[PDB]
Amino acid sequence: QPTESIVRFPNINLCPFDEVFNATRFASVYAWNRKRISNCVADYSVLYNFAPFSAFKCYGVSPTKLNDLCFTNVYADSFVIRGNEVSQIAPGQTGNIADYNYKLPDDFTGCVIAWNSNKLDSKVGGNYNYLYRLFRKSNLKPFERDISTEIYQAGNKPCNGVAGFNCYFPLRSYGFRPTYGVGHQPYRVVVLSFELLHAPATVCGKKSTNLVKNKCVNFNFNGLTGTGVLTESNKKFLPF
Amino acid sequence: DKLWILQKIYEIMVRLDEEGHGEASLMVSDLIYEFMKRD
Amino acid sequence: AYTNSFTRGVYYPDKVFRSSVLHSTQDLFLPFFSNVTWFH
Amino acid sequence: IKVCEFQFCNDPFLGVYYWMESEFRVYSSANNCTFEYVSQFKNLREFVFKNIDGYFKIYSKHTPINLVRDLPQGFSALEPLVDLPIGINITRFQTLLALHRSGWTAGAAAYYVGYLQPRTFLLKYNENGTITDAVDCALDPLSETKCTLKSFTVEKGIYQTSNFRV
Ligand SMILES: *[C@@H]1O[C@H](CO)[C@@H](O)[C@H](O)[C@H]1NC(C)=O
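Residue numbers (the entry's author numbering), protein chains in the order written: chain A, 321 to 332, 334 to 526, 528 to 562; chain B, 1 to 39; chain C, 27 to 66; chain D, 128 to 145, 152 to 173, 186 to 247, 257 to 320.
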């Protein structure tokens, strides 16, 4: 019987997660950013080991399972919200963010990751660069982005593009200040979507086991599964 | 009715922010959301 | 016009290594001595 | 190598001026760019392009030649150079030539295009694993006999290769 199992996979390119998670400036949530990730290898344990994450939840996958899987594309959506709002970034949620800013589908496949960015995104005197939408006639559909800036009509009289009685500019600034309580402090959020189409899966986590020689083992070479003893060879294989 | 009070709550959200009560402003923001959600 | 392919157009069907053996493979190959369109 | 949306020119090419490539009249659009790849007659360059199961493969071989024109008679295995996960329909293609600026007059060169067909080939792999010879099983009755016998040399005698039907 095979003494032990060895799995061999190419050395293991890189996916540009650093540019998503360590970006200088994040988007406002109403105008959230989407980055397509493709054709690359990702170590997801670099993610789940970065220690200051306040939220990290995966829905149709698991973090340790990720480093073995391949997908067609990964989409990284990113923005800033308040701490108390982080919980709305989840399937089945309602609230100001889920309804009017950024909406996950009930059947979501991926991970929601958040951390406190008070040091980066709060300013003495208030950071007005980050906005959310407070007023909308109906809820967003999943992954809808609404960047319009039309005066919202709360009452019976048309606004005609002028703000006034029951005519409100639809966006507000967060005005993040470092003296705010933690519920009101800015959090950076990354939503990873893992897409599997009928197509080549080119965004790849897997594993590499130490090679053993002259021992009966069950080996996995790049998906070739077999059993036998591996010994030195004199065959001149062509490079391909 | 609903509209008078909506306007008053909006105005207090804005004045709170203008007088440097940002956190309080945010809390009224949340009330506006909840109140506009009701029938 | 056109030219004769002769024995050209043969490629390795896969990344499989076979040594000193005759392998029969059915795949998209250029037929031997077929007309290949030439341009100058 | 780019799998992306491009609006090709009516006569796409690279224009070389005396020699340095100075003009790039290929496309006006580089949008929805799904894939980008930057990679590394006495010379014959053979390339097989196959788009199958969404993967597009280029098999490349270099041959030292001294024939003035047309395909030299010889055997050369075509090693797979590159394989890429493309996943888009490919029905037509066009080679791009380096049309030098004189009004465009190109230097002497020849390019040959052949359309692959579903064929059965008997390949003779040597000790190195290189295909040193091949037999087209449908080329001629002697080739059909060689394919049926699974041998490059057939002994004297009668062999049944296939069945003729009207
Ligand atoms: C490869 O081909 C060369 C021809 O020069 C030959 O000497 C050598 O033995 C071959 N190697 C193998 C492992 O077949």
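Ideal Cβ placement from N, Cα and C applies to all residues, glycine included.
Alpha carbon to alpha carbon, how far is residue i from residue j?
{"i": "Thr385 (chain A)", "j": "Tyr369 (chain A)", "result": "9 Å"}
{"i": "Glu23 (chain B)", "j": "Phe490 (chain A)", "result": "20 Å"}
{"i": "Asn388 (chain A)", "j": "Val382 (chain A)", "result": "11 Å"}
{"i": "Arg15 (chain B)", "j": "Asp30 (chain B)", "result": "15 Å"}
{"i": "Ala397 (chain A)", "j": "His21 (chain B)", "result": "34 Å"}
{"i": "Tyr266 (chain D)", "j": "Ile285 (chain D)", "result": "22 Å"}
{"i": "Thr500 (chain A)", "j": "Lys444 (chain A)", "result": "9 Å"}
{"i": "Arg237 (chain D)", "j": "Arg403 (chain A)", "result": "53 Å"}
{"i": "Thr307 (chain D)", "j": "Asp138 (chain D)", "result": "50 Å"}
{"i": "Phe486 (chain A)", "j": "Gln7 (chain B)", "result": "7 Å"}
{"i": "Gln314 (chain D)", "j": "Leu229 (chain D)", "result": "42 Å"}
{"i": "residue 527 (chain A)", "j": "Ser349 (chain A)", "result": "Missing from the coordinates: residue 527 (chain A), inside the break in chain A from 526 to 528."}
{"i": "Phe515 (chain A)", "j": "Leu226 (chain D)", "result": "31 Å"}
{"i": "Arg190 (chain D)", "j": "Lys310 (chain D)", "result": "40 Å"}
{"i": "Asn437 (chain A)", "j": "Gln506 (chain A)", "result": "7 Å"}
{"i": "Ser221 (chain D)", "j": "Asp467 (chain A)", "result": "59 Å"}
{"i": "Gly413 (chain A)", "j": "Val171 (chain D)", "result": "44 Å"}
{"i": "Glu554 (chain A)", "j": "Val534 (chain A)", "result": "11 Å"}
{"i": "residue 75 (chain B)", "j": "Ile5 (chain B)", "result": "With chain B covering 1 to 39 only, the question about residue 75 (chain B) has no answer from this structure."}
Given the structure, does residue i come close to ligand 1, in the sense that its CB is under 7 Å from one of the ligand's heavy atoms?
{"i": "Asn282 (chain D)", "result": "yes"}
{"i": "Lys278 (chain D)", "result": "no"}
{"i": "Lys310 (chain D)", "result": "no"}
Nearest CA to the CA of residue i: which residue from the options?
{"i": "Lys129 (chain D)", "options": "D:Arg158, D:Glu154, D:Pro139, D:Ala163", "result": "D:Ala163"}
{"i": "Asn334 (chain A)", "options": "A:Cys361, A:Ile472, A:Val510", "result": "A:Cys361"}
{"i": "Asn536 (chain A)", "options": "A:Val524, A:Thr549, A:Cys525", "result": "A:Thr549"}
{"i": "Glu324 (chain A)", "options": "A:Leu546, A:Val539, A:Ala372, A:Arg457", "result": "A:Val539"}
{"i": "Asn331 (chain A)", "options": "A:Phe543, A:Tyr351, A:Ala348, A:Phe559", "result": "A:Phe543"}
{"i": "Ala243 (chain D)", "options": "D:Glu156, D:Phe135, D:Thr274, D:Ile235", "result": "D:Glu156"}
{"i": "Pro521 (chain A)", "options": "D:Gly232, D:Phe275, D:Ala263, D:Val159", "result": "D:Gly232"}
{"i": "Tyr144 (chain D)", "options": "D:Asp198, D:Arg319, D:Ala260", "result": "D:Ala260"}
{"i": "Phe135 (chain D)", "options": "D:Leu270, D:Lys300, D:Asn196, D:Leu241", "result": "D:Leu241"}
{"i": "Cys166 (chain D)", "options": "A:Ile358, A:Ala352, A:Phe541", "result": "A:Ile358"}
{"i": "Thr274 (chain D)", "options": "C:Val42, C:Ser50, C:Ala27, C:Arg34", "result": "C:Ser50"}
{"i": "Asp420 (chain A)", "options": "A:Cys432, A:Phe541, A:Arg457", "result": "A:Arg457"}
{"i": "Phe168 (chain D)", "options": "D:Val213, D:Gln218, D:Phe133", "result": "D:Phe133"}
{"i": "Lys529 (chain A)", "options": "A:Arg355, A:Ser366, A:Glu340", "result": "A:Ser366"}
{"i": "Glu406 (chain A)", "options": "A:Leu546, A:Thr393, A:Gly504, A:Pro561", "result": "A:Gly504"}
So, with DSSP's three-state summary, where would you put residue i?
{"i": "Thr259 (chain D)", "result": "coil"}
{"i": "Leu455 (chain A)", "result": "coil"}
{"i": "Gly404 (chain A)", "result": "helix"}
{"i": "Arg319 (chain D)", "result": "coil"}
{"i": "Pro230 (chain D)", "result": "strand"}
{"i": "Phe338 (chain A)", "result": "helix"}
{"i": "residue 48 (chain B)", "result": "With chain B covering 1 to 39 only, the question about residue 48 (chain B) has no answer from this structure."}
{"i": "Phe35 (chain B)", "result": "helix"}
{"i": "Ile358 (chain A)", "result": "strand"}
{"i": "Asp364 (chain A)", "result": "coil"}
{"i": "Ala376 (chain A)", "result": "strand"}
{"i": "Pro295 (chain D)", "result": "helix"}
{"i": "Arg498 (chain A)", "result": "coil"}
{"i": "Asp467 (chain A)", "result": "coil"}
{"i": "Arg44 (chain C)", "result": "coil"}
Please confirm if residue i has its CB atom under 8 Å from at least one CB of chain A.
{"i": "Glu18 (chain B)", "result": "no"}
{"i": "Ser45 (chain C)", "result": "yes"}
{"i": "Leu6 (chain B)", "result": "yes"}
{"i": "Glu224 (chain D)", "result": "yes"}
{"i": "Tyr38 (chain C)", "result": "yes"}
{"i": "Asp39 (chain B)", "result": "no"}
{"i": "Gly257 (chain D)", "result": "no"}
{"i": "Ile12 (chain B)", "result": "no"}
{"i": "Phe168 (chain D)", "result": "yes"}
{"i": "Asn165 (chain D)", "result": "no"}
{"i": "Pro230 (chain D)", "result": "yes"}
{"i": "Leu31 (chain B)", "result": "no"}
{"i": "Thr284 (chain D)", "result": "yes"}
Could you tell me whether the Cβ of residue i comes closer than 8 Å to any Cβ of chain C?
{"i": "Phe559 (chain A)", "result": "yes"}
{"i": "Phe562 (chain A)", "result": "yes"}
{"i": "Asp215 (chain D)", "result": "yes"}
{"i": "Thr236 (chain D)", "result": "no"}
{"i": "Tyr204 (chain D)", "result": "yes"}
{"i": "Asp290 (chain D)", "result": "yes"}
{"i": "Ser305 (chain D)", "result": "yes"}
Beta carbon of residue i: closer than 7 Å to some heavy atom of ligand 3?
{"i": "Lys557 (chain A)", "result": "In terms of ligand content, the structure shown lacks ligand 3 and carries ligand 1 instead."}
Does any C-beta atom of chain D lie closer than 8 Å to the C-beta of residue i?
{"i": "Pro337 (chain A)", "result": "no"}
Within 8 Å of any Cβ in chain B, is that where the Cβ of residue i sits?
{"i": "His519 (chain A)", "result": "no"}
{"i": "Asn437 (chain A)", "result": "no"}
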